[PDB]
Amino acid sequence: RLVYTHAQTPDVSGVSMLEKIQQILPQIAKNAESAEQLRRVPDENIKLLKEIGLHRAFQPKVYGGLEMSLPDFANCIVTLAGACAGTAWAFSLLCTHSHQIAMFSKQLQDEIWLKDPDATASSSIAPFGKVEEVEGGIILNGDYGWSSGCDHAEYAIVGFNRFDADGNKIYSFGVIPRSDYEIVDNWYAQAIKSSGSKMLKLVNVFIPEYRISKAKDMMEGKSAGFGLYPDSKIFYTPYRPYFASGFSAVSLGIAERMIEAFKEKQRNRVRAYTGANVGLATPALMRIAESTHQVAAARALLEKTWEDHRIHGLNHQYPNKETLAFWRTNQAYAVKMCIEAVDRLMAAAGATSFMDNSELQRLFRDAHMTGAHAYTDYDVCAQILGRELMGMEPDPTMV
């Protein structure tokens, strides 16, 4: 039988990653409140998550990685996000960066993983840095904001534009060691506080050529790492869909948790003004139902999309323009549905739910943040899909 309201535990003889997550979930849940005040992921959480081996989800097998399918991974992040969104958000990023790093040169991957098999990277991908072309690579300078999980990473993946005979942008990623940049703690946010999305400061950072890859090359199987793992079901695929798969995952985790949290707290609810046992009133029942349907629909779309990713990777098939536009955008629609489902419950949660001692308030804030990421912006995504559906050339104004 299928499950509409959450992830189905894969019945494979042994313990699946999802079951392993499920066991440590209560611990993650209890750190949530102190995680929020810490403004970064508690060490205990990283320890637990690394212990079960989730960070090796998309690490090549040759280094001791698992090469988990996208669906299985995403479902781990969804479940995790229910306990602490920020932990799930940051840890998802640390995980999915490994998938990108697998498309860089064998030389870089050896450098990261032979040395330390448990090493991970955080990122700052918006190309704000100033790049001087020196020989053997580049010198990069700039303030690189929003690096989720940066405190727990050994490296950072940093985005920049190089240029051209013609002066056209070459969007590129460099991988730099923790020693090359300062973490500037300016992370004071109103949602997903525990993600520790601090800024990375780069001062005359040299990046050699072998630690630089073109974004387009990693979208199209033309990067230095292409072909390294010919038995892999996950590396013959564009980097970005995996890169950014976690946001919507987190959004779904939060929304599914919201429905549970709301149900728990509603049962016993009494009207301040009249003194009525009011938890099972029709309006509240109908809200619970609709939000349940809305996120179930969101889940079905995501599950279908993830399946589409999986099938493509299996066949080493790169997506065509149309499926790529769907992969790029479906997650944003999912995020928008989830936020609707959360808001519908929050609107009926009452004043008590806005107190610091109510989990609902945290879920609400975290849910909204998931739709604030540049990748989950639906105005942008509606335009990207719309243009593709009408056979128009892409608008370079957005990506």
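One rule holds for the numbers: they count along the sequence shown, beginning at 1.
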Worksheet, complete the sentence: Assert higher mean C-alpha B factor (257-265 or 128-136, deposited values) equals 128-136
Practice prompt. Mind pulling up the entry and telling me whether 11-19 or 374-382 has the higher mean Cα temperature factor?
Written response: 11-19
Discussion item. According to the Cα B-factor stored in this entry, which of the following is highest: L301, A276, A249, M286?
Written reply: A276
Worksheet item: Which one of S291, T79, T305, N141 shows the top CA temperature factor in the record?
Response: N141
Worksheet item: Looking at the C-alpha B-factor of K233, is it in the lowest, middle or highest third of its chain?
Response: highest
Worksheet item: Which third of the chain does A297 land in by C-alpha B-factor: lowest, middle or highest?
Response: lowest
Discussion item. Sorting by Cα B-factor within the chain, modelled residues only, which third would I28 end up in: lowest, middle or highest?
Written reply: middle
Worksheet item: Should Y333 be placed in the lowest, middle or highest third of its chain by the C-alpha B factor in the entry?
Response: lowest
Worksheet item: Hey, what third does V62 fall into on Cα B-factor, ranked over its chain?
Response: highest
